[PDB]
Amino acid sequence: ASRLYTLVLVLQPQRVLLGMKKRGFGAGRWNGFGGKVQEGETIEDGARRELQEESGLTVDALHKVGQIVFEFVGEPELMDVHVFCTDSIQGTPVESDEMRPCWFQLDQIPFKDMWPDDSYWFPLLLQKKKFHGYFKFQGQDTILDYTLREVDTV
Ligand SMILES: Nc1nc2c([nH]c(=O)n2[C@H]2C[C@H](O)[C@@H](COP(=O)(O)OP(=O)(O)OP(=O)(O)O)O2)c(=O)[nH]1
């Protein structure tokens, strides 16, 4: 029993765009842009749509980089997050009521103000690796157990 989500990272050779989420799940943490996939749309179409909705950017080619499943103990639905990366965007990032975007240098990623799993897989994304991950959380701050592996095909 899992629900599909997307997460898009705008990753350029020396910087990455993250957005500080202002409301909903994960508010108060920096993250990529994404959300729930809708009925009748492909995962990739959902990722492109969520990127525009949350950041104001237009992406053409999106590259699959990872799949991470999240389990929150006591919550029945698993979150099946499909992670994508793009180095080619149009438009300038837009700050809205839902999100505050900011560019970060690759050696200045704000891990202390991100979901804790990001410290595990974000360095794989930075080195252009692809991965499958599973993280079991107790609440929103504690990782109880996890698995993470590099793959050739997402
Ligand atoms: N980096 C990172 N991203 C995560 C984690 N957990 C998690 O759900 N996400 C991402 C996946 C999605 O992009 C987003 C959660 O989706 P969302 O609840 O905001 O979706 P939504 O905007 O479509 O829903 P709604 O509130 O508008 O109805 O956060 C995590 O541990 N790390």
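Per the deposition metadata, X-ray crystallography was the technique used to determine this entry, at a resolution of 1.63 Å.

## Things to note about the environment of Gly74
Looking at the element boundaries, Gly74 is found in the loop between β5 (63–72) and β6 (78–86). Expressed as a C-alpha distance, the spacing of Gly74 and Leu144, which sit 70 residues apart in the sequence, is 13 Å.

## Comments concerning the pattern of salt bridges
One pass over the structure, following the stated rule, counts 7 salt bridges. The partner of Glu95 in a salt bridge is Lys22, with the nearest N and O atoms 2.7 Å apart. Of this pair, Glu95 sits in the loop between β7 (89–90) and β8 (99–105) while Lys22 sits in the loop between β2 (15–21) and β3 (30–31), placing them 73 residues apart in sequence. On the basis of relative accessibility, which here comes to 39%, the residue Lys22 falls in the partly exposed class. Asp45 is the partner of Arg48 in a salt bridge, and the nearest nitrogen-oxygen pair spans 3.2 Å. Of the two residues, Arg48 and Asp45 are both situated in helix α1 (residues 43–55); the distance of 3 residues between them amounts to about one turn of the helix. A residue is classified by how much of its surface remains accessible, and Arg48, at 24% relative accessible area, is partly exposed. Overall, the relative accessible area of 40% leaves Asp45 in the partly exposed class.

## What about the packing of aromatic side chains?
Tallied over the full model, the rule gives 14 aromatic pairs. Ring plane angle 35° and centroid distance 5.2 Å describe the contact between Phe25 and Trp115, whose orientation is recorded as tilted. Of this pair, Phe25 sits in the loop between β2 and β3 while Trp115 sits in the loop between β8 and α2 (118–126); the two residues are 90 residues apart in sequence, bridging distant segments of the chain. For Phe25, a relative accessible area of 47% gives the class partly exposed. For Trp115, a relative accessible area of 7% gives the class buried. Grouped by ring-pair contacts, the aromatic residues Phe25, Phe70, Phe72, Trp115, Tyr120, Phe135, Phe137 and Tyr146 constitute a single cluster. Over the aromatic face of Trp103 sits the side chain of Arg15, whose NZ or CZ is 3.7 Å from the ring centroid. Over the face of the ring belonging to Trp115 we find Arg29, whose NZ or CZ atom lies 4.6 Å from the ring centre.

So, how was this worked out
Residues numbered from 1 in each chain as written, not as in the entry; some residues may be left out. Heavy atoms only, no water. Residues with missing side-chain atoms left out of burial classes, pairs and counts. Helix = DSSP H or I, 4+ residues; strand = E, 2+ residues; numbered from the N terminus. Salt bridge = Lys/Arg side-chain N within 4 Å of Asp/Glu carboxyl O. Buried < 20%, exposed > 50% of the residue type's maximum accessible area, 1.4 Å probe, protein only. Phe/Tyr/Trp six-rings, centres within 6.5 Å; stacked < 30°, edge-to-face > 60°. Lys NZ or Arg CZ within 6 Å of the ring centre and 35° of its normal.

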